[PDB]
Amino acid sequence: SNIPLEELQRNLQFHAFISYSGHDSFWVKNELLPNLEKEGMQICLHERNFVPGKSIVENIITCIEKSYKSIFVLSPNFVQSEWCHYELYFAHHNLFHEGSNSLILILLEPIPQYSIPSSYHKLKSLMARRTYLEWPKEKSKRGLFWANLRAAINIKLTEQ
């Protein structure tokens, strides 16, 4: 019931790469990863999988290149401690060709406008699309979130 990565055009190793902030580690390790790995998905994680002897940027790009999708756990913590790596890399490399299925945005916590610096142009461009999956506060809507998340991971990539 999951995408066979070996039957893809590229030699991908993971179904999705999860980029998150350390301050959001509890939800990622007790909700995100359990719900994805129990379904049989291979996850490139921000903590593990990173190879020693390389920079943090190289480890992130390596996880992205070996993953069918990339997941950003958007939150005030993610903006202040994680997004800068992507804002700097997007200024020179546009590997996510705009409107593409490659990037999946999870809004774990609402991001206030004041906490977003005026220099994070790509972050404002991504959140303006209103295509992110919001973590619901109601427990009854949790099952809808996971169904939407697994679908976003397993949907066919748009031609980019």
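Just count from 1 along the sequence shown to find any residue number.
A.B. asks: Would you tell me which stretch averages the higher CA B-factor in the PDB entry, 139 to 147 or 19 to 27?
C.D. replies: Averaged over C-alpha atoms, the B-factors run higher in 139 to 147.
A.B. asks: Where do the C-alpha atoms have the higher mean temperature factor in this entry, in 7 to 15 or in 148 to 156?
C.D. replies: Comparing averages over the C-alpha atoms only gives 7 to 15.
A.B. asks: Highest Cα B-factor in the deposition, which of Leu108, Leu95, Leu33, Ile111?
C.D. replies: Within the set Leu108, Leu95, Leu33, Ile111, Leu95 shows the top C-alpha B-factor.
A.B. asks: Looking at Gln42, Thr62, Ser118, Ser115, which has the highest CA B-factor as recorded?
C.D. replies: That would be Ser118.
A.B. asks: Hey, what third does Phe72 fall into on Cα B-factor, ranked over its chain?
C.D. replies: Lowest third of the chain for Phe72's C-alpha B-factor.
A.B. asks: Compare the C-alpha B factor of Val51 with those of the other modelled residues in its chain, then answer lowest, middle or highest third.
C.D. replies: Highest third - that is where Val51 ends up once the chain's C-alpha B-factors are sorted.
A.B. asks: Taking only the Cα B-factors deposited for this chain, tell me whether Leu133 sits in the lowest, middle or highest third.
C.D. replies: Lowest third - that is where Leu133 ends up once the chain's C-alpha B-factors are sorted.
A.B. asks: Going by the recorded CA B-factors, say which third of the chain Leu126 sits in, lowest, middle or highest.
C.D. replies: Within its chain, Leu126 is a highest-third residue by C-alpha B-factor, going by the deposited values.
A.B. asks: Ranked by Cα temperature factor within the chain, is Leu103 in the lowest third, the middle third or the highest third?
C.D. replies: Within its chain, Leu103 is a middle-third residue by C-alpha B-factor, going by the deposited values.
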